[PDB]
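> PDB entry and its sequence, pasted below:
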Amino acid sequence: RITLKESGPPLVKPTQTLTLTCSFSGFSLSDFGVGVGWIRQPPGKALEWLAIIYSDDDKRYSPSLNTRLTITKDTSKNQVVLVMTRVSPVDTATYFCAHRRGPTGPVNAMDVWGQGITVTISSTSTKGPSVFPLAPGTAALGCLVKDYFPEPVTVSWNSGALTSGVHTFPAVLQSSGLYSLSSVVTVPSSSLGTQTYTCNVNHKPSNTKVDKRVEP
Amino acid sequence: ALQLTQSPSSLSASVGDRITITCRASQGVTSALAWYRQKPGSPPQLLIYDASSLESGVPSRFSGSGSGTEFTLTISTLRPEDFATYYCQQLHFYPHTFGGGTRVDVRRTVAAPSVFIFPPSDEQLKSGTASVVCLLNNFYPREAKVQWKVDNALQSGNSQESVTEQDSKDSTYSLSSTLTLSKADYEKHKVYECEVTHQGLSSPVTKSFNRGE
Amino acid sequence: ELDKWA
């Protein structure tokens, strides 16, 4: 039926402007009522309403983001554009654009959403990770994959041969603009002296491969 | 603006369970209230529009009621695909507002975490910084508190954590906290302890190490 | 202000 989609830059630097585009098809902005809004959602946090624009141009913004947002619509392309200025790391989130019906009672909801595009703010250039050990019956051991950019990084243990006991945690964007994530595997003691544990790290975005062995 | 208080904020249920979640409005929004289900990694999905109307294509198990300031979303029989986060949104006043979301995870017996603390490495310790991490492995429920202490001074504003998603087999969670000190600060303190507070523990449990020893 | 179709 109706499908919408977000385009734009996944990486954006503090201060600059973030221009997002909503390309849709299944309706048009010529249909009476029809609205297209922008909803953003930080990491692991709630949905936040950004702005809405309708078939005839009235637009409403978020009182909090009002002086920083500008919404427009090109009806020849069936696109809606959103410009957010002077961004900071707190603007890092996933941005969604959704469709709103028009009067035919049921214009009370946003029935179809884009799939979302996750934007990340970071005055930072590409950078490979440094791999440190997190080392010692149940026993834990792991790898601290620190200071890399941008996502993602892939971690496996013993070249994939070890999969159970493993927990690769979500990376965190540090105050430095760089990422950091830990991967831990839980084994049972006894093997700590006969078994061997190596985490294979691969940050494709910077071509960095590291095999790290961990022990007491 | 218009505040929407969702509650519970987090819920724990099983399949075939029947749960009712509410969404409270600070001001009367008539019936301009929508409900969405959101599975991790996927966008919100409309379930109920106009407060009580079931959105075409949505299972009949979902339903909504309310008007003005009180609204609910009920799931007659909980399915595997329902363990997600739910949000309500009102479209009566500008700005359009969302609630804080309600979380529905899989219920299992309380499981206390297995705590491990990892000191920084000598290799890291010469880049100029010391990362000490605490691991809270396989617990339930999700709620856990981690406090860092260096020579007993409670640490604040220099740690970061991330939790994994609920395991699809043992339904537990695992957390990872990283205290970041600068090498110099790391070396003028002795006890590095990680204190975990969790429903499966009668008293908080601490894991510590003495830098040098 | 009120939503637009209120």
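Structure's in. What do you need? Residues are numbered from 1 along each chain as shown, chains lettered A, B, ... in the order given.
> any idea how far residue A:35 lies from residue B:27?
Distance check for residue A:35 against residue B:27: by C-beta to C-beta, to the nearest Å, it reads 22 Å. C-beta coordinates here come from the backbone N, C-alpha and C atoms, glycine included.
> list the contacts of the residue of chain A found nearest chain B.
Closest approach between chain A and chain B, counting by C-beta to the nearest C-beta: residue A:109, at 3.4 Å. With contact taken as C-beta atoms under 8 Å, 6 or more residues apart in numbering or on different chains, residue A:109 is in contact with A:100-101, B:34, B:46, B:48-50, B:55, B:89, B:91.
> then residue B:164?
With contact set as C-beta under 8 Å, 6+ apart, residue B:164 has these partners: A:167-170, B:173-175.
> please check those residues and keep the buried ones.
For the contacts of residue B:164, a neighbour count by 16 or more other C-beta atoms under 10 Å in any protein chain shown gives the buried set as A:167-169, B:173-175.
> how about residue A:52: what's its closest non-neighbour residue?
Excluding its sequence neighbours, the residue lying closest to residue A:52 (C-beta to C-beta, 6 or more residues apart in numbering or on different chains) is residue A:37, at 4.0 Å.
> then that neighbour would be within a strand, right?
Yes. Note on residue A:37: a strand contains this position according to DSSP: H, G, I helix; E, B strand; the rest coil.
> quick one, what contacts residue A:48?
Counting by C-beta under 8 Å, 6+ apart, residue A:48 makes contact with A:39-42, A:62, A:93, B:98.
> can I have the buried ones of those residues as a PyMOL selection?
Buried members of those, defined by 16+ other C-beta under 10 Å, are picked up in PyMOL with:
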select buried, (chain A and resi 39+40+41+62+93) or (chain B and resi 98)
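> so what are the domain limits for chain A?
Using curated CATH domains, the domain parsing of chain A gives A:1-123, A:124-216.
> er, chain B actually
The record's domain parsing of chain B by curated CATH domains lists B:1-107, B:108-211.
> would a markdown table of these with distance to residue A:87 be doable?
Written out in a markdown table, the entries for the domains of chain B read as follows (distance: least, C-beta to C-beta, whole Å):
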| stretch | distance to residue A:87 |
| --- | --- |
| domain B:1-107 | 20 |
| domain B:108-211 | 21 |
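> one step back: now flag whichever of the contacts of residue B:164 is closest to residue A:74.
In terms of C-beta to C-beta, no member of the contacts of residue B:164 lies closer to residue A:74 than residue A:170, at 36.7 Å.
> where does the closest one sit: helix, strand or coil?
The three-state label given to residue A:170 by three-state DSSP is coil.
> correct me, but it touches residue A:180?
No. In this structure residue A:170 lies outside contact range of residue A:180 using C-beta atoms under 8 Å: 10.6 Å.
> now render the domains of chain A as CSV, adding distance to residue B:122.
Putting the domains of chain A into CSV (distance: least, C-beta to C-beta, whole Å) gives the following:
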stretch, distance to residue B:122
domain A:1-123, 29
domain A:124-216, 10
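> of those, which is nearest residue B:81?
For the domains of chain A, proximity to residue B:81 was assessed by C-beta to C-beta; domain A:1-123 is nearest, at 17.5 Å.
> how far away is the residue nearest the centre of chain A from chain C?
Of all residues in chain A, the one closest to the mean position by C-alpha atoms, centre = their mean is residue A:118, 3.7 Å from it. Here the criterion is C-beta to the nearest C-beta, to the nearest Å. By it, residue A:118 lies 28 Å from chain C.
> so who does that residue touch?
Residue A:118 makes contact with A:10, A:93-95 under the criterion C-beta under 8 Å, 6+ apart.
> for PyMOL, write the selection for the buried entries among those residues.
Buried members of the contacts of residue A:118 can be picked out in PyMOL with the line below, counting by 16+ other C-beta under 10 Å:
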select buried, chain A and resi 93+94+95
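> in helices only, show me the contacts of residue A:118.
In helices, defined here by DSSP state H, there are no members of the contacts of residue A:118.
> which one of the contacts of residue A:118 sits closest to chain C?
For chain C, the nearest member of those is residue A:95. The distance, counting by C-beta to the nearest C-beta, is 21.7 Å.
> for chain B, just list every one of the helices.
Read by DSSP H, chain B holds these helices, from start to end of the chain: B:183-186.
> what residues does chain B have near chain C?
If contacts are counted using C-beta under 8 Å from any C-beta of the partner chain, the residues of chain B sitting beside chain C are B:30, B:32, B:91-94, B:96.
> need the residues of chain A near chain C, please.
Contact residues, chain A versus chain C (C-beta under 8 Å from any C-beta): A:33, A:35, A:54, A:58, A:60, A:102-103, A:107.
> in stretch B:100-117, what counts as buried?
Residues of stretch B:100-117 classed as buried by neighbour count (16+ other C-beta under 10 Å): B:100-107, B:111-117.
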